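Presented below, as structure tokens, is a lone chain in the form deposited in one PDB entry.
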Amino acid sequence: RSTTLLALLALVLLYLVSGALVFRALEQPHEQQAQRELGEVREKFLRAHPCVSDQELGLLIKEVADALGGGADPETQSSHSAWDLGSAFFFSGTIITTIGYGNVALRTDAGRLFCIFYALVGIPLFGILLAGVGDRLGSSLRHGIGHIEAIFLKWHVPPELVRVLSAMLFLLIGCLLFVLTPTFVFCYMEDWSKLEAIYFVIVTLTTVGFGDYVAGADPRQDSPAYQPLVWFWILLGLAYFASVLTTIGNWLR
């Protein structure tokens, strides 16, 4: 409906500008501080090393920044592998789910080229499996609800409200299993805070996949089964995120 499309565009547009105002308010001051700190570091180094021009230190920093940005670690000078079989498996998962954390980048043109076709073919294939699991997971949940629903109907609560209460329990348990349970898991496993863990969970299940937080990515952890197994969760949670939203949409329509 042409009128509504334009209204909607204007609304979103306002949702973005509103977002922008808030993120700037919440993040710019931290960033402006960091910029200051970098310059303090420079000025301190110059004062201690007279053999160094500001401009030469500038180049060093640009060069260091590029390397760190390519995943170099400041701490060491040089064992664990980011592209071991388990991490590459995981990486592939991040594509077809469209999550795309990106905490480890492809460096080769072949890697990029292959990645294109891998995704084009992989994502729709996955979407199909997701719809499938969404229907099957909802079915199993709906069947399980039925037995407890029998109890509510005997207690003479109207069938219209019993349907509503069951939804509350339906999502609350899903939430419990796919939102709450994982966040508590990750808190203990990753040494994140509760807030960091929920942040991660939700960034993940929305498929936003920022990449600031990634479960299992930590180098020190001796945890082989961990990272693919987390993918097991991702599968189950995403489909439920999906299926529920779909049924809600149908109910609205």
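Here the rigid core means the biggest group of C-alpha atoms that line up within 1.5 Å when the two forms are laid on top of each other. Each residue number is its position in the shown sequence, starting from 1.
A second form of this protein, the form deposited in another entry, is not displayed here; the remarks below concern that form.
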Inset, instruction - Would you mind telling me which residue of 212, 191, 27, 40 shifts its Cα by 2 Å or more between the shown form and the other one when the core is superposed? - result: 40
Inset, instruction - State yes or no: after fitting on the rigid core, is the Cα displacement of residue 65 between the shown form and the other one at least 2 Å? - result: yes
Legend entry - Post core alignment: residue 202 C-alpha displaced by 2 Å or more between the shown form and the other one: no
Inset, instruction - Superpose the two forms on their rigid core, then report whether the C-alpha of residue 16 is displaced by 2 angstroms or more between the shown form and the other one. - result: no
Inset, instruction - Check residue 196 against residue 37 at the C-alpha atoms and report closer or farther in the other entry, compared with the shown form; the change is 3 Å or more. - result: closer
Inset, instruction - Say whether the C-alpha atoms of residue 105 and residue 222 sit closer together or farther apart in the other entry than in the form shown here, given that their separation changes by 3 Å or more. - result: farther
